[PDB]
4 protein chains.
Amino acid sequence: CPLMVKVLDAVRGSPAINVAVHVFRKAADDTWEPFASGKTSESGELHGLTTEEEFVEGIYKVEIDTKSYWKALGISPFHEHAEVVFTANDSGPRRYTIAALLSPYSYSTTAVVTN
Amino acid sequence: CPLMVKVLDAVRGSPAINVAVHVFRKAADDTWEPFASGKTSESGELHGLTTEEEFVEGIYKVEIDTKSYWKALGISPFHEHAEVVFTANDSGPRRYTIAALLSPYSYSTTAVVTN
Amino acid sequence: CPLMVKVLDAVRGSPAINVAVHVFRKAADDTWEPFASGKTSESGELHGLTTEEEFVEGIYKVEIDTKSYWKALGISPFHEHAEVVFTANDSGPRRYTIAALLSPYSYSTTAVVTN
Amino acid sequence: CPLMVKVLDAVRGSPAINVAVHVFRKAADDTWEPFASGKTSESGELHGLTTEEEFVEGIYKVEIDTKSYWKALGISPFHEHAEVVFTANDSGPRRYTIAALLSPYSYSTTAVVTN
């Protein structure tokens with residue numbers, strides 16, 4: 001499991017369920033190419049985005065579609081989406097978990113990098 | 001300013017106004033003695049809690065009454081309050097800003113300490 | 001599993017391992033009585049604090065011993081501990097997860113309440 | 001002040017000084033056009049990015065160059081930058097403060113919007 005995304009809802013105190021997540025990898029010409037995507041589960045998690053073979057070193061962007069999430073709950077949001085941009089490095093630990101905690105006008109994101 | 005408290009509302013993207021704050025200082029007998037209190041202004045800031053003279057070395061607890069804030073807005077939140085516990089002035093006088101960012105089921109708190 | 005605690009380290013991007021956690025329940029005379037305690041595991045989680053039978057409605061305090069955590073890593077911290085105070089209510093969902101994200105001068109805490 | 005950016009360092013408990021910030025605005029062709037840039041002062045604040053006249057309705061991206069900040073301090077962080085993407089001024093002019101709180105493997109961002 002090279003890359004996992006976990007999302008929490010700070011207003012309801014719950015996993016953020018059915019949130020669209022898009023992962024991109026930066027191409028040689030500096031454009032962002034679609035890499036993987038999915039929707040978070042009932043546990044707020046998104047598994048199976050990629051494989052060890054495909055997840056090579058490079059610069060990745062994870063876009064979490066927070067605006068649509070809040071709108072589906074009838075709550076007025078600030079951001080278009082939450083964005084997490086990072087370099088994958090083979091030097092460090094092998095599993096990346098991108099965690100996000102969502103409020104209508106604020107979010108935090110943390111990388112948990114483990115073996 | 002020896003001690004300032006600032007509170008923001010992450011649902012509205014606004015200062016958190018009229019938030020009650022109580023400060024305690026640990027006494028010689030290990031009990032929490034009342035030290036100062038007040039409420040946040042329209043800027044979400046609380047000034048004038050204490051003075052350079054009165055704000056001696058000690059262990060302090062800043063209780064931010066988040067439940068009363070949310071309930072006055074007609075919201076049922078998770079926490080009773082946010083509690084911020086820290087040693088102050090152990091290396092001489094510092095200026096402390098205790099900030100808090102509030103959501104119904106989550107909060108963050110940060111200290112900014114200047115010499 | 002009525003109550004679980006999960007702690008993350010924002011500096012290292014890792015679970016916060018071997019963090020002491022103390023849970024208290026408020027007594028009739030307003031004092032805090034020890035209720036349960038433990039240390040977080042290699043995954044940053046603390047399971048088995050209590051049982052459904054013992055975890056009755058009431059006001060609880062969870063103290064996460066952040067100062068000792070940072071000192072064991074050789075990093076200079078601000079807070080004595082992180083404190084999470086809440087009322088357990090049988091009305092809502094049945095499992096409480098108290099999550100905390102730690103930095104030397106800041107922390108956030110979120111309640112994830114699920115069935 | 002139409003747009004202000006404020007950055008804090010959660011390791012030091014201090015303003016984050018000399019942080020580069022780039023603002024982009026989505027153009028008619030869907031590309032991110034450069035809009036304004038600057039760097040945070042000793043207060044961790046960045047003023048004077050734009051004007052009431054120039055800060056028209058649009059989708060804006062505030063890129064906060066967190067990796068360069070940490071590397072200038074001799075630290076290897078996780079993220080490339082923190083990106084804050086939002087529609088502005090769609091209901092008339094507002095004053096936006098975009099705040100960010102930085103840790104090597106985590107950040108939080110909050111918008112405070114006033115009329």
# chains A, B, ... in the order shown; residues from 1 in each chain; ligands from 1
>>> closest_atom_pairs(of="chain B", to="chain D", cutoff="6 Å", atoms="only C-alpha atoms", output="Markdown table")
| residue | atom | partner | partner_atom | distance |
| --- | --- | --- | --- | --- |
| B:13 | CA | D:112 | CA | 4.5 |
| B:14 | CA | D:112 | CA | 5.1 |
| B:111 | CA | D:13 | CA | 5.6 |
| B:112 | CA | D:13 | CA | 4.5 |
| B:113 | CA | D:13 | CA | 5.8 |
>>> calpha_fit_rmsd(fixed="chain B", moving="chain C")
1.1 Å
>>> residues_around(residues="stretch 17-29 of chain B", least_positions_apart="5", cutoff="7 Å", atoms="only C-alpha atoms", output="list in words")
residues 34, 35, 36, 37, 38, 39, 40, 41, 42, 43, 44, 58, 59, 60, 61, 62, 63, 64, 65 and 69 of chain B
>>> write_last_selection(atoms="N, CA, C and O atoms", output="PDB file, in the first residue's frame")
ATOM      1  N   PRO B  34      -7.518  30.624  40.457  1.00  0.00           N
ATOM      2  CA  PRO B  34      -7.960  31.581  39.446  1.00  0.00           C
ATOM      3  C   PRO B  34      -6.937  32.702  39.284  1.00  0.00           C
ATOM      4  O   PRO B  34      -6.423  33.226  40.277  1.00  0.00           O
ATOM      5  N   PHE B  35      -6.652  33.068  38.044  1.00  0.00           N
ATOM      6  CA  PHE B  35      -5.617  34.052  37.749  1.00  0.00           C
ATOM      7  C   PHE B  35      -6.166  35.275  37.017  1.00  0.00           C
ATOM      8  O   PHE B  35      -5.877  36.419  37.383  1.00  0.00           O
ATOM      9  N   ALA B  36      -6.962  35.034  35.980  1.00  0.00           N
ATOM     10  CA  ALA B  36      -7.540  36.126  35.214  1.00  0.00           C
ATOM     11  C   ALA B  36      -8.641  35.553  34.335  1.00  0.00           C
ATOM     12  O   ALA B  36      -8.681  34.350  34.082  1.00  0.00           O
ATOM     13  N   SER B  37      -9.530  36.414  33.860  1.00  0.00           N
ATOM     14  CA  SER B  37     -10.536  35.974  32.891  1.00  0.00           C
ATOM     15  C   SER B  37     -11.027  37.132  32.047  1.00  0.00           C
ATOM     16  O   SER B  37     -10.820  38.292  32.391  1.00  0.00           O
ATOM     17  N   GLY B  38     -11.703  36.816  30.954  1.00  0.00           N
ATOM     18  CA  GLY B  38     -12.301  37.849  30.129  1.00  0.00           C
ATOM     19  C   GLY B  38     -13.035  37.204  28.974  1.00  0.00           C
ATOM     20  O   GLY B  38     -13.247  35.986  28.963  1.00  0.00           O
ATOM     21  N   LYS B  39     -13.410  38.006  27.989  1.00  0.00           N
ATOM     22  CA  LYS B  39     -14.049  37.437  26.800  1.00  0.00           C
ATOM     23  C   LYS B  39     -13.523  38.090  25.534  1.00  0.00           C
ATOM     24  O   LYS B  39     -13.088  39.242  25.555  1.00  0.00           O
ATOM     25  N   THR B  40     -13.540  37.339  24.439  1.00  0.00           N
ATOM     26  CA  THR B  40     -12.986  37.867  23.188  1.00  0.00           C
ATOM     27  C   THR B  40     -13.867  38.979  22.616  1.00  0.00           C
ATOM     28  O   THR B  40     -15.105  38.971  22.744  1.00  0.00           O
ATOM     29  N   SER B  41     -13.201  39.946  22.002  1.00  0.00           N
ATOM     30  CA  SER B  41     -13.860  41.074  21.373  1.00  0.00           C
ATOM     31  C   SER B  41     -14.369  40.710  19.975  1.00  0.00           C
ATOM     32  O   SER B  41     -14.288  39.558  19.539  1.00  0.00           O
ATOM     33  N   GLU B  42     -14.852  41.719  19.256  1.00  0.00           N
ATOM     34  CA  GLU B  42     -15.271  41.542  17.864  1.00  0.00           C
ATOM     35  C   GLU B  42     -14.144  41.098  16.932  1.00  0.00           C
ATOM     36  O   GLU B  42     -14.415  40.534  15.869  1.00  0.00           O
ATOM     37  N   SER B  43     -12.895  41.332  17.333  1.00  0.00           N
ATOM     38  CA  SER B  43     -11.726  40.874  16.573  1.00  0.00           C
ATOM     39  C   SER B  43     -11.348  39.428  16.900  1.00  0.00           C
ATOM     40  O   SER B  43     -10.420  38.870  16.304  1.00  0.00           O
ATOM     41  N   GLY B  44     -12.058  38.841  17.866  1.00  0.00           N
ATOM     42  CA  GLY B  44     -11.727  37.524  18.377  1.00  0.00           C
ATOM     43  C   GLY B  44     -10.543  37.529  19.329  1.00  0.00           C
ATOM     44  O   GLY B  44     -10.066  36.465  19.730  1.00  0.00           O
ATOM     45  N   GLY B  58       5.253  30.346  36.333  1.00  0.00           N
ATOM     46  CA  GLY B  58       4.308  29.389  36.861  1.00  0.00           C
ATOM     47  C   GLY B  58       3.817  28.468  35.783  1.00  0.00           C
ATOM     48  O   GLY B  58       4.186  28.608  34.624  1.00  0.00           O
ATOM     49  N   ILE B  59       2.977  27.525  36.180  1.00  0.00           N
ATOM     50  CA  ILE B  59       2.264  26.692  35.228  1.00  0.00           C
ATOM     51  C   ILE B  59       0.858  27.267  35.118  1.00  0.00           C
ATOM     52  O   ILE B  59       0.157  27.423  36.128  1.00  0.00           O
ATOM     53  N   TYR B  60       0.470  27.595  33.891  1.00  0.00           N
ATOM     54  CA  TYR B  60      -0.802  28.262  33.618  1.00  0.00           C
ATOM     55  C   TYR B  60      -1.709  27.381  32.801  1.00  0.00           C
ATOM     56  O   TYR B  60      -1.231  26.563  32.018  1.00  0.00           O
ATOM     57  N   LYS B  61      -3.008  27.530  33.011  1.00  0.00           N
ATOM     58  CA  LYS B  61      -4.014  26.856  32.210  1.00  0.00           C
ATOM     59  C   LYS B  61      -4.968  27.907  31.670  1.00  0.00           C
ATOM     60  O   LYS B  61      -5.568  28.662  32.443  1.00  0.00           O
ATOM     61  N   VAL B  62      -5.078  27.969  30.350  1.00  0.00           N
ATOM     62  CA  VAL B  62      -6.020  28.844  29.671  1.00  0.00           C
ATOM     63  C   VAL B  62      -7.183  27.986  29.218  1.00  0.00           C
ATOM     64  O   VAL B  62      -7.020  27.109  28.358  1.00  0.00           O
ATOM     65  N   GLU B  63      -8.339  28.197  29.837  1.00  0.00           N
ATOM     66  CA  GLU B  63      -9.561  27.479  29.501  1.00  0.00           C
ATOM     67  C   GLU B  63     -10.380  28.375  28.591  1.00  0.00           C
ATOM     68  O   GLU B  63     -10.765  29.484  28.970  1.00  0.00           O
ATOM     69  N   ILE B  64     -10.678  27.866  27.408  1.00  0.00           N
ATOM     70  CA  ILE B  64     -11.441  28.606  26.412  1.00  0.00           C
ATOM     71  C   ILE B  64     -12.797  27.938  26.335  1.00  0.00           C
ATOM     72  O   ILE B  64     -12.872  26.751  26.006  1.00  0.00           O
ATOM     73  N   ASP B  65     -13.853  28.678  26.649  1.00  0.00           N
ATOM     74  CA  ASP B  65     -15.174  28.065  26.829  1.00  0.00           C
ATOM     75  C   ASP B  65     -15.916  27.853  25.512  1.00  0.00           C
ATOM     76  O   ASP B  65     -16.869  28.548  25.157  1.00  0.00           O
ATOM     77  N   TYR B  69     -19.742  28.931  23.622  1.00  0.00           N
ATOM     78  CA  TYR B  69     -19.684  29.633  22.348  1.00  0.00           C
ATOM     79  C   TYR B  69     -20.599  28.987  21.317  1.00  0.00           C
ATOM     80  O   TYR B  69     -21.434  29.665  20.696  1.00  0.00           O
TER      81      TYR B  69
END
>>> atom_distance(atom1="atom CA of residue C:93", atom2="atom CA of residue B:102")
21.6 Å
>>> residues_around(residues="residue C:48", least_positions_apart="5", cutoff="8 Å", atoms="only C-alpha atoms", output="ChimeraX atom specification")
/C:1,3-4
>>> atom_distance(atom1="atom CA of residue D:11", atom2="atom CA of residue C:104")
5.1 Å
>>> atom_distance(atom1="atom CA of residue D:86", atom2="atom CA of residue B:45")
25.9 Å
>>> select_by_dssp(residues="chain A", states="strand (DSSP E or B)", output="number ranges by chain")
A: 3-9, 14-15, 20-26, 32-39, 45-46, 58-64, 79-88, 95-103, 106-114
